[PDB]
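Student: Handing you a structure now.
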Amino acid sequence: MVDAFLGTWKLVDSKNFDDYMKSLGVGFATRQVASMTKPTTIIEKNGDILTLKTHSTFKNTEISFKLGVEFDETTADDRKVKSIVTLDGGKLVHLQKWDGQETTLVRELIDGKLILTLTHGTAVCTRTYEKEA
Ligand SMILES: CCCCCCC(O)O
C-alpha cells in the first residue's frame, strides 16, 4: 500500500516554503538557509514499520512509525508534537498536533514525482521530489 513512496527522493521544486516556515514561527536566519537547501528524503519499510529520514547540509531528521498509530515527534524546527501517518486516497498523510495547533504534510505521487503539500494556518507549500536510482 505504501510501496510506491519507498526510496530516496531529492528536492527539485519548492513553492511557498518560506510562508509555511514563517507561519510555524521559524526565525528569519533559519528560513534563509532552508530556502537554499535541497533535502534528500529516504522512506523505507521493515514490516509494518516505516522510517522517514530527511537529510541536508542544514538539518537532519528521522522518524519511525506504524501507519495509523500515534507517535511522539520532535520536528526540524524543535516542535514537540503528537503525530500520526496514514494512507488516505493513496496519499501518505502526516498530521502533527501541538498546543492545540495542527499541520499536515501530505505526500502524493503524480507522474512518478513525489509532491509534498505542507499546510499550517493559511500557508500552503508545495515541494516536489524526484526519485534517485
Ligand atoms: C519545518 C518542518 C519540516 C519541513 C519539511 C520539509 C521537507 O521538504 O521535508
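Each chain in the C-alpha cells gets a letter, A, B and so on, in the order shown; residues start at 1 in every chain, and ligands are counted from 1 in the order they appear.
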What are the nearest atom pairs, with distances in Å to one decimal, for all residues of stretch 92-128 of chain A that come at most 12 Å from stretch 70-78 of chain A, using only C-alpha atoms, set out by chain and rising residue number as CSV?

Tutor:
```
residue,atom,partner,partner_atom,distance
A:94,CA,A:70,CA,10.3
A:95,CA,A:70,CA,9.6
A:96,CA,A:73,CA,8.4
A:97,CA,A:73,CA,9.8
A:98,CA,A:73,CA,10.2
A:103,CA,A:75,CA,11.5
```

Student: Quick one: residues within 12 Å of residue A:53, only C-alpha atoms counted, chain neighbours fewer than 3 positions away excluded, as a PyMOL selection string?

Tutor: chain A and resi 6-10+39-45+50+56+59-65+75-76

Student: Could you go through stretch 43-132 of chain A and tell me which residues DSSP, when run on the backbone, assigns to strand (DSSP E), listing them as a PyMOL selection string?

Tutor: chain A and resi 43-46+49-55+61-66+71-74+80-88+91-98+101-110+113-120+123-132

Student: Compile the contact shell of residue A:11 as a list in words: residues with an atom at most 6 Å away, counting only C-alpha atoms, same-chain residues fewer than 4 positions apart removed.

Tutor: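 My reading of the contact set: residues 38, 39, 128 and 129 of chain A.
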
Student: Give the helix (DSSP H, G or I) residues of stretch 21-82 of chain A, as assigned by DSSP on the backbone, as a VMD selection string.

Tutor: chain A and resid 21 to 23 28 to 34

Student: Just want the 10 Å neighbourhood of residue A:113, counted on only C-alpha atoms, with same-chain residues fewer than 2 positions away dropped. Output as a list in words.

Tutor: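 Residues meeting the cut-off are residues 5, 9, 10, 12, 107, 108, 109, 110, 111, 115, 116, 128, 129, 130 and 131 of chain A.
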
Student: Here is a test: counting only C-alpha atoms and all ligand atoms, which residue of A:32, A:57, A:101, A:117 is nearest to ligand 1?

Tutor: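 Among A:32, A:57, A:101, A:117, it is A:117 that comes nearest to ligand 1.
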
Student: From the options A:4, A:67, A:26, A:36, which residue's atoms come nearest to ligand 1, counting only C-alpha atoms and all ligand atoms?

Tutor: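 Result for the nearest residue to ligand 1: A:26.
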
Student: Rank nothing, just name the residue among A:82, A:55, A:91, A:66 nearest to ligand 1, using only C-alpha atoms and all ligand atoms.

Tutor: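 Of A:82, A:55, A:91, A:66, the one nearest ligand 1 is A:55, counting only C-alpha atoms and all ligand atoms.
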
Student: Here is a test: counting only C-alpha atoms and all ligand atoms, which residue of A:51, A:46, A:86, A:126 is nearest to ligand 1?

Tutor: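 Between A:51, A:46, A:86, A:126, the residue approaching ligand 1 most closely is A:126.
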
Student: Determine the nearest neighbour of residue A:24 from the options A:79, A:68, A:114, A:132, counting only C-alpha atoms.

Tutor: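 Nearest candidate to residue A:24 out of A:79, A:68, A:114, A:132: A:79.
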
Student: A:21, A:87, A:2, A:81: which is nearest ligand 1, counting only C-alpha atoms and all ligand atoms?

Tutor: A:21

Student: Please provide as a list in words all residues within 10 Å of stretch 120-124 of chain A, with the sequence filter that same-chain residues fewer than 4 positions apart are discarded (counting only C-alpha atoms).

Tutor: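 In the requested form, the answer reads residues 15, 16, 17, 18, 19, 20, 21, 22, 23, 24, 101, 102, 103, 104 and 105 of chain A.
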